[PDB]
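First the structure, in the form of structure tokens, and then the observations on it.
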Amino acid sequence: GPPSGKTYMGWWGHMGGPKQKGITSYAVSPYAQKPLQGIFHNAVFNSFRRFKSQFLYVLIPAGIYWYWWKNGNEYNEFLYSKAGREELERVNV
Amino acid sequence: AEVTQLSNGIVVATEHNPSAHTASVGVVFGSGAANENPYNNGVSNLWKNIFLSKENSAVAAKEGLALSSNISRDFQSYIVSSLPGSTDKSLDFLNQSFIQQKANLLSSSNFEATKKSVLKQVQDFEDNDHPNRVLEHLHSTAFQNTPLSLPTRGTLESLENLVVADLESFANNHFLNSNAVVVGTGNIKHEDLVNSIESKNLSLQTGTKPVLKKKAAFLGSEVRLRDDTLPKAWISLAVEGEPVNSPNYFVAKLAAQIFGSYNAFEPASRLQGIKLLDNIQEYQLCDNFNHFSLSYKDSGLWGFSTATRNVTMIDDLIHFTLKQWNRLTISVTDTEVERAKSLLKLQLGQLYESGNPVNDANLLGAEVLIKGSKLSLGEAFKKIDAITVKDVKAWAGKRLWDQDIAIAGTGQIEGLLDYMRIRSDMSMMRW
Ligand SMILES: CCCCCCCCCCCO[C@@H]1O[C@H](CO)[C@@H](O[C@H]2O[C@H](CO)[C@@H](O)[C@H](O)[C@H]2O)[C@H](O)[C@H]1O
């Protein structure tokens with residue numbers, strides 16, 4: 001097999017990270033854990049966590065764009081109604 | 001292996017050996033590390049060390065006596081060795097050390113020095129004995145929050161918090177007559193050792209029964225102590241095994257013998273009749289491994305330990321080993337069972353009939369403390385010869401096939417995959 005280029009990721013046994021020392025990890029077999037009831041205990045309780053932390057970053061631009069749309073949509077509606085033909089002749093041509 | 005046991009309050013058990021040349025007398029208690037708490041853990045290892053204290057050893061050396069102490073999970077021993085005739089003086093030292101030196105050995109100078117010794121002793125073990133340190137963590141994760149999880153030597157944290165008071169409280173609760181057996185092995189006769197015991201009297205620390213608590217429980221889990229600075233990956237993996245007195249005690253041991261032990265550096269070891277060897281030698285998946293069937297009072301551990309420098313093929317080492325284990329449930333052959341019978345006998349032989357009296361003392365005591373009398377090889381060999389392929393399959397079908405596992409490892413274990421990937425290999429797909 002030919003020599004290919006070096007990258008920032010290797011494989012099992014030589015992944016490419018720094019040497020690890022002092023960290024101990026523990027785990028328990030899924031077979032020994034409470035038959036999954038965390039769907040309506042720590043998922044619905046902890047629900048809206050990802051919401052109230054991030055929603056503003058989405059809601060403000062969402063609101064800005066929705067308002068701009070509704071505003072322009074209503075202006076169009078008026079421009080094409082009887083009451084708006086005067087301003088329509090102006091702003092158009 | 002031939003026993004003889006009598007009682008008069010103090011239970012005495014011996015095993016004569018006309019070709020001994022020496023004799024060992026001592027006491028063994030039915031309490032070990034599994035009888036300690038997570039906070040007084042190491043108190044037994046501490047007792048062992050003050051008994052073997054420099055002062056105490058000089059007092060025995062002048063008498064032509066050699067001291068020995070072994071701390072295990074279920075039992076604890078203190079043995080004295082001498083020539084066949086000086087046996088009368090060994091009992092005097094035992095009586096002196098455990099029925100008079102309740103404050104002699106516990107002096108501020110002797111204690112603080114011993115404590116300091118076992119502290120460095122344990123710090124070294126935890127620092128350099130990777131295969132045993134891993135095996136100890138195997139017990140620690142497998143029986144977590146349960147008696148069997150505590151390390152026999154104890155932890156550095158609880159070790160340095162121990163005071164003479166801790167040593168005494170343990171002694172008051174475990175160094176009792178109802179929880180002991182006076183042992184005599186070597187060439188001395190039974191109806192002679194009991195006399196010297198009857199020669200004295202008293203009953204200091206008697207009548208009381210030892211304490212009780214919760215039973216050992218196996219939990220499928222793992223503890224990973226990754227250390228990339230080490231040159232190897234040391235791992236130990238096992239299922240819940242058999243307790244002493246289990247109907248499958250010998251079947252489980254025969255199963256372990258089937259996969260055996262291996263040292264990739266010894267020519268003869270590479271030639272053993274273990275199918276697993278055909279899979280791991282092509283790419284040299286490890287430097288060594290050894291299967292085991294550890295048995296204690298409440299539970300056991302059946303599995304193996306391995307050491308390897310092939311850090312990129314650990315998944316294959318594990319995969320191939322567990323795939324061979326599956327065979328015990330579905331395809332183990334007659335010849336494999338017959339080869340295991342022969343070798344189990346051989347190992348039981350080298351264990352129970354070594355020329356060493358202190359080994360026989362520990363085995364005699366620890367065994368009578370559970371079943372009431374050490375088992376003869378003749379009977380063991382008969383149970384072993386009766387094991388059929390079906391016995392092995394039925395056993396593997398319950399302790400191995402698709403059962404939870406306990407894992408522990410240190411060193412370069414990045415290549416050791418997740419729990420589930422390992423747990424999956426405990427069975428095979430079928431129609
Ligand atoms: C491309 C779409 C086509 C989808 C077709 C669907 C395929 C369904 C395959 C279903 C079952 O296939 C079946 O899986 C189970 C595991 O779940 C296997 O079980 C195996 O592992 C389980 C453990 O998890 C063991 O208890 C069992 O003794 C062992 O045989 C079984 O031997 C296999 O036969």
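Values reported hereafter were calculated over all heavy atoms of this structure, with side chains retained and with hydrogens, waters and symmetry mates removed. Throughout, a chain's letter reflects where its sequence line sits, starting with A, and its residues are numbered from 1. Order of listing sets the numbers, starting from 1, for every ligand and every atom in it.
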Mark whether [atom] lies under 4.0 angstrom from at least one protein heavy atom.
atom: atom 19 (O) of ligand 1; result: no
atom: atom 1 (C) of ligand 1; result: no
atom: atom 9 (C) of ligand 1; result: no
atom: atom 33 (C) of ligand 1; result: yes

Got a salt bridge between [X] and [Y], using NZ or NE/NH1/NH2 to carboxylate O under 4.0 Å?
X: B:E136; Y: B:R73; value: yes
X: B:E379; Y: B:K382; value: no
X: B:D425; Y: B:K323; value: yes

Heavy-atom contacts under 4.0 Å between B:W401 and ligand 1: side chain, backbone, both, or neither?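 For B:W401, the contact with ligand 1 is made by the side chain alone.
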
So which heavy atom in the protein is nearest [atom], and how far is it from that ligand atom?
atom: atom 30 (O) of ligand 1; result: B:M428 O, 2.8 Å
atom: atom 16 (C) of ligand 1; result: B:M429 SD, 4.7 Å
atom: atom 26 (O) of ligand 1; result: B:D402 OD2, 2.8 Å
atom: atom 22 (C) of ligand 1; result: B:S427 OG, 3.8 Å
atom: atom 24 (O) of ligand 1; result: A:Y31 OH, 4.1 Å

B:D227 side chain to B:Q412 backbone, donor-acceptor under 3.5 Å: no

Centroid separation B:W234 to B:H137 less than 6.0 Å: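 They do not qualify: ring centres at least 6.0 Å apart.
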
For B:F143 together with B:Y296, are the ring centres under 6.0 Å from each other? no

Would you say that more than 12 heavy atoms from the other residues, nucleotides or ligands in this model lie under 6.0 Å from the NZ of B:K213, or not?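 More than 12 within 6.0 Å, yes.
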
Could you say whether the N/O atoms of B:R430 and ligand 1 ever approach to under 3.5 Å?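 Min N/O separation from ligand 1 is below 3.5 Å for B:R430.
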
Could you tell me the separation between the CG atom of B:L219 and the OG1 atom of B:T146, rounded to the nearest 0.5 Å? 9.0 Å

